[PDB]
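Engineer: Could you have a look at this structure, given as structure tokens, before my questions?
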Amino acid sequence: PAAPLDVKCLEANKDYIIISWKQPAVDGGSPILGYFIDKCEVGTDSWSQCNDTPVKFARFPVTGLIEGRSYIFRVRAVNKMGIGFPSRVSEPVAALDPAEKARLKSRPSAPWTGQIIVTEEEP
Amino acid sequence: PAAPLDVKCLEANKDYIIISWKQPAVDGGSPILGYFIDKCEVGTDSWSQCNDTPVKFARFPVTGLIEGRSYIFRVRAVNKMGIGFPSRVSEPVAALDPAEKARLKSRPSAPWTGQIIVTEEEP
Amino acid sequence: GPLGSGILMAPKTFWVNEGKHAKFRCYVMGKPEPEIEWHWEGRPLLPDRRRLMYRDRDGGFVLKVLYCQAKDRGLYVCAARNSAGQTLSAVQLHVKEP
Amino acid sequence: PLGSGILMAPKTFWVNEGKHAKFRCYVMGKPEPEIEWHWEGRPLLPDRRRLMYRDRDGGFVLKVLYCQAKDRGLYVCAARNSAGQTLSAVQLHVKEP
């Protein structure tokens, strides 16, 4: 089956993140029995399958989030024959309550300045 | 009188900083009665005269330092026929006890990552 | 506040024309010298003929993907880590097909 | 955010007299920190000879054109925002022909 489209995050919390997606183009090969959702902690390259059996409902709550860490998501469609390739991955989603994300986003940090690199140029 | 040379810091503390300098090229205009030392907190452009009357001894302890702030220094020679221009300013000197300067210098800092700047090129 | 760009905020999207090169520049600060690596769509990016990585003289690390194809679209992440911590920056590449 | 050449001794970069000298410095901060240059404890102001602009690669640039022996000294890049201020320093020496 064709890969699902437009993976986005509807809602996000320390506890769980609810992610949705657009259904792929109807190939008529075998009806889509459901979908598998995979999560990855942004830094690592470890992709883990969130649901053990397929889900039909095109919005899904993801659990098992380490608080304060940011995650990306992909979806794979599944039919009778097997599983398709993954969707284009989502924008990163941080596992924070909305107020803490707002707080961090609008927080000042003292400036840092790099070494001054001096070079000669020719008039 | 000619401006003094090589303004260097001999010793540095939270309490005071001892700064030395090389005497300028000797002239038959008038004997050097002493010197004036000026300090400036690195960020600001405010230069303050440390000693009210000239000092002959070519090393001088500077007080009135706000702890943890970094300072630069210049010296002006003075004779019977007035005060000369200032010396080339010193390397910055932080008002910290030696152990605290060592501690800060060898302290690990978590990495910070800048925005990714994407640009188009062609061969 | 080492939060890193495009991780908490939504990453920027930069469009590139198909067949042309795309340069990704990212400046990073840290003691000790933080080791950096690139990722694409949650996969590690590895030096190829097509994909090249070097540190630009005058500071920051560069990733260069040559002769962009539609398939090259995705989330590009610059991960940087040292003894004290790790921080990521992210960005999205879209490809303009002729 | 300690800043280069303030706690450590600043680097000394030699330039040939009559040539241009480019000073590049990258700075991070929220909010966007306002930056200013200083020379020998004096504020540096945009002249025909002295130019200041922010590079397309990011980072702020100071360019002193047609270096003279008198241009020697401690060049400091000061950057400040609501939360704080941090400086970087460097020393320029001029090679006379």
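By order in the structure tokens, chains are A, B, ...; within a chain, residues start at 1; ligands start at 1, following the order shown.
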What residues in chain C lie within 8 Å of chain B, counting only C-alpha atoms, written as an MDAnalysis selection string?
Structural biologist: chainID C and resid 1:6 14 16:17 20:32 34 78 80:91
Engineer: Please save N, CA, C and O atoms of the selected residues as a compact mmCIF listing (two decimals), in the first residue's frame.
Structural biologist:
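Written output follows (selection_13.txt):
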```txt
# COMPACT_ATOMS: atom_id res chain seq x y z
N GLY C 1 20.43 29.14 27.31
CA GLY C 1 19.26 28.38 26.77
C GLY C 1 19.55 27.62 25.48
O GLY C 1 19.10 28.05 24.40
N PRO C 2 20.29 26.49 25.56
CA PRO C 2 20.58 25.75 24.35
C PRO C 2 19.39 24.90 23.91
O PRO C 2 19.37 23.70 24.15
N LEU C 3 18.40 25.53 23.28
CA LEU C 3 17.15 24.85 22.86
C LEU C 3 17.24 24.28 21.45
O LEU C 3 16.66 23.22 21.17
N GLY C 4 17.92 25.00 20.56
CA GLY C 4 18.13 24.55 19.19
C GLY C 4 16.95 24.91 18.30
O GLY C 4 15.80 24.74 18.70
N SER C 5 17.27 25.36 17.10
CA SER C 5 16.27 25.88 16.17
C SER C 5 15.43 24.78 15.53
O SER C 5 15.94 23.71 15.20
N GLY C 6 14.13 25.05 15.34
CA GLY C 6 13.23 24.12 14.66
C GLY C 6 12.86 22.84 15.39
O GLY C 6 12.27 21.96 14.79
N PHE C 14 12.74 25.34 3.30
CA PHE C 14 13.46 25.96 2.21
C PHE C 14 13.33 25.14 0.91
O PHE C 14 13.68 23.97 0.86
N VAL C 16 14.14 24.21 -3.04
CA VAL C 16 15.32 24.11 -3.90
C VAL C 16 14.87 23.58 -5.27
O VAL C 16 13.91 22.82 -5.36
N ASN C 17 15.54 24.01 -6.33
CA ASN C 17 15.20 23.54 -7.67
C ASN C 17 15.87 22.22 -7.96
O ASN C 17 17.04 22.02 -7.61
N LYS C 20 19.79 21.09 -8.87
CA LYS C 20 20.75 22.04 -8.32
C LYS C 20 21.24 21.54 -6.96
O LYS C 20 20.66 20.61 -6.40
N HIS C 21 22.31 22.15 -6.45
CA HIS C 21 22.89 21.78 -5.15
C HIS C 21 22.20 22.55 -4.05
O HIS C 21 21.72 23.66 -4.27
N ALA C 22 22.17 21.96 -2.85
CA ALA C 22 21.61 22.60 -1.65
C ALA C 22 22.62 22.52 -0.51
O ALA C 22 23.07 21.43 -0.14
N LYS C 23 22.98 23.69 0.02
CA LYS C 23 23.96 23.83 1.09
C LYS C 23 23.24 24.07 2.40
O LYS C 23 22.40 24.96 2.49
N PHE C 24 23.59 23.29 3.42
CA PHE C 24 23.05 23.40 4.77
C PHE C 24 24.19 23.86 5.67
O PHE C 24 25.14 23.11 5.87
N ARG C 25 24.09 25.07 6.21
CA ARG C 25 25.13 25.58 7.11
C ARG C 25 24.57 25.72 8.51
O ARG C 25 23.45 26.20 8.70
N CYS C 26 25.36 25.31 9.49
CA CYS C 26 24.97 25.37 10.89
C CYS C 26 26.18 25.64 11.79
O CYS C 26 27.15 24.88 11.75
N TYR C 27 26.12 26.70 12.58
CA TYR C 27 27.18 27.05 13.51
C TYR C 27 26.82 26.47 14.89
O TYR C 27 25.66 26.51 15.29
N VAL C 28 27.82 25.92 15.57
CA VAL C 28 27.64 25.23 16.87
C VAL C 28 28.72 25.66 17.87
O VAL C 28 29.89 25.70 17.52
N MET C 29 28.32 25.95 19.12
CA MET C 29 29.25 26.31 20.20
C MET C 29 29.20 25.27 21.32
O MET C 29 28.16 24.66 21.52
N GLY C 30 30.31 25.09 22.04
CA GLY C 30 30.44 24.08 23.14
C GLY C 30 31.93 24.06 23.55
O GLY C 30 32.77 23.83 22.69
N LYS C 31 32.28 24.07 24.84
CA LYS C 31 33.31 23.23 25.47
C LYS C 31 32.89 21.99 26.21
O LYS C 31 32.00 22.06 27.04
N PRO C 32 33.55 20.83 25.91
CA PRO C 32 34.58 20.62 24.88
C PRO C 32 34.00 20.69 23.48
O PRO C 32 32.79 20.75 23.33
N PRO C 34 32.13 20.02 20.50
CA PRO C 34 31.06 19.03 20.31
C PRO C 34 31.13 18.32 18.96
O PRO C 34 31.28 18.96 17.92
N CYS C 78 20.59 18.64 12.35
CA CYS C 78 22.00 18.72 12.71
C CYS C 78 22.12 18.47 14.21
O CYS C 78 21.75 19.33 15.01
N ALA C 80 24.36 17.76 17.58
CA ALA C 80 25.68 18.11 18.13
C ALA C 80 25.72 17.70 19.59
O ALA C 80 24.82 18.06 20.34
N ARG C 81 26.77 16.98 19.98
CA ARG C 81 26.90 16.46 21.34
C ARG C 81 28.33 16.60 21.87
O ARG C 81 29.29 16.40 21.13
N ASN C 82 28.44 16.93 23.16
CA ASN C 82 29.70 16.87 23.92
C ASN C 82 29.46 16.22 25.28
O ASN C 82 28.34 15.78 25.55
N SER C 83 30.48 16.17 26.14
CA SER C 83 30.39 15.52 27.46
C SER C 83 29.23 16.03 28.32
O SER C 83 28.57 15.25 29.00
N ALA C 84 28.97 17.34 28.27
CA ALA C 84 27.91 17.97 29.07
C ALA C 84 26.49 17.79 28.53
O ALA C 84 25.54 17.76 29.31
N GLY C 85 26.34 17.68 27.22
CA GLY C 85 25.00 17.52 26.64
C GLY C 85 24.94 17.41 25.12
O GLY C 85 25.97 17.35 24.44
N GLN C 86 23.70 17.38 24.62
CA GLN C 86 23.39 17.33 23.20
C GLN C 86 22.29 18.33 22.87
O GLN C 86 21.40 18.56 23.68
N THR C 87 22.33 18.89 21.67
CA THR C 87 21.31 19.83 21.19
C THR C 87 21.15 19.62 19.69
O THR C 87 22.14 19.34 19.00
N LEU C 88 19.91 19.71 19.19
CA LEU C 88 19.63 19.52 17.76
C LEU C 88 19.05 20.80 17.14
O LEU C 88 18.37 21.57 17.81
N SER C 89 19.34 21.01 15.85
CA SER C 89 18.63 21.98 15.01
C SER C 89 17.99 21.26 13.83
O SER C 89 18.59 20.34 13.29
N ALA C 90 16.80 21.70 13.43
CA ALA C 90 16.08 21.06 12.32
C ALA C 90 15.66 22.05 11.23
O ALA C 90 15.58 23.25 11.46
N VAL C 91 15.41 21.51 10.03
CA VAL C 91 15.00 22.30 8.86
C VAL C 91 14.36 21.38 7.81
O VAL C 91 14.70 20.22 7.72
```
Engineer: Pick out the chain B residues within 10 Å of chain D. Count only C-alpha atoms. Give them as a count of residues only.
Structural biologist: 38
Engineer: Give me, as a ChimeraX atom specification, all polymer residues having an atom no more than 9 Å from residue 51 of chain D, counting only C-alpha atoms and skipping those fewer than 4 positions away in the same chain.
Structural biologist: /D:45-47,61-65
Engineer: Determine, counting only C-alpha atoms, which protein, DNA and RNA residues have an atom within 8 Å of an atom of residue 18 of chain D; residues of the same chain fewer than 3 positions away are not included. Present the result as a VMD selection string.
Structural biologist: chain D and resid 65 to 68
Engineer: Would you kindly return, as a ChimeraX atom specification, each protein, DNA or RNA residue with an atom no farther than 8 Å from any atom of residue 55 of chain B, considering only C-alpha atoms and excluding same-chain residues fewer than 6 positions away?
Structural biologist: /B:33-36
Engineer: Between C:93, C:57, C:98, C:67, which residue has the minimum interatomic distance to chain D, considering only C-alpha atoms?
Structural biologist: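 Selected residue with least distance to chain D: C:57.
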Engineer: Run DSSP on the backbone and grab whatever in segment 6-63 of chain D lands in strand (DSSP E or B); send it over as a PyMOL selection string.
Structural biologist: chain D and resi 12-16+20-25+27-30+34-39+42-43+50-54+60-63
